[PDB]
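S.K.: here's a sequence, model it:
(chains A and B)
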Amino acid sequence: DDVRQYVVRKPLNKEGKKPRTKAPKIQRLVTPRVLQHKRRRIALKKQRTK
RNA sequence: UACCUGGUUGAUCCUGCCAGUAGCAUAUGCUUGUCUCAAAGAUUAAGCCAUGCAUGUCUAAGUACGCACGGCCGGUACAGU
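M.R.: Residues are numbered from 1 along each chain as shown, chains lettered A, B, ... in the order given. I have put the structure below:
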């Protein structure tokens, strides 16, 4: 399942500005950037053996 | 700049020390217009200390749900300060 969309949201209300909602940055999500760092980590091992 | 002078006797020649003469660095007295440098609670007590200051620190790159401030609307991890 997708871990996004199920994340809890916090509503903001005050007399001045418009309503808003907040949610946190997610800390173990395995995005494409995490996978890209894992690929270079093993490309450096191959270069040293050559 | 490798230098001496007064003082023992009625007078002389010596020994020998006292006093004078020049510099240096601590205190102290009288006196003082301009201008460039600049030592300064070591000496006695490593004695006793009111008050203030004398050591802090963030980048594109460890952790941002602070309505704290904010955008054109939306969290697509999640904007931005």
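
S.K.: do you have the strands of chain A handy? List them.
M.R.: A:10-12, A:20-22 (DSSP state E).

S.K.: with mean neighbour count and distance to RNA strand B added, can I get the ones you listed in a markdown table?
M.R.: (C-beta placed from N, C-alpha, C; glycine too.) Putting the strands of chain A into a markdown table (neighbours: other CB atoms under 10 Å; distance: least, CB to the nearest atom of the strand, whole Å) gives the following:
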| stretch | mean neighbour count | distance to RNA strand B |
| --- | --- | --- |
| strand A:10-12 | 9 | 4 |
| strand A:20-22 | 9 | 4 |
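
S.K.: residue A:29: which of those is closest?
M.R.: Between residue A:29 and the strands of chain A, the shortest gap by CB to CB is with strand A:20-22, which sits at 17.7 Å.

S.K.: residues in contact with that closest one: which ones?
M.R.: For strand A:20-22, the external contacting residues (CB atoms under 8 Å, 6 or more residues apart in numbering) are A:9, A:10, A:11, A:12.
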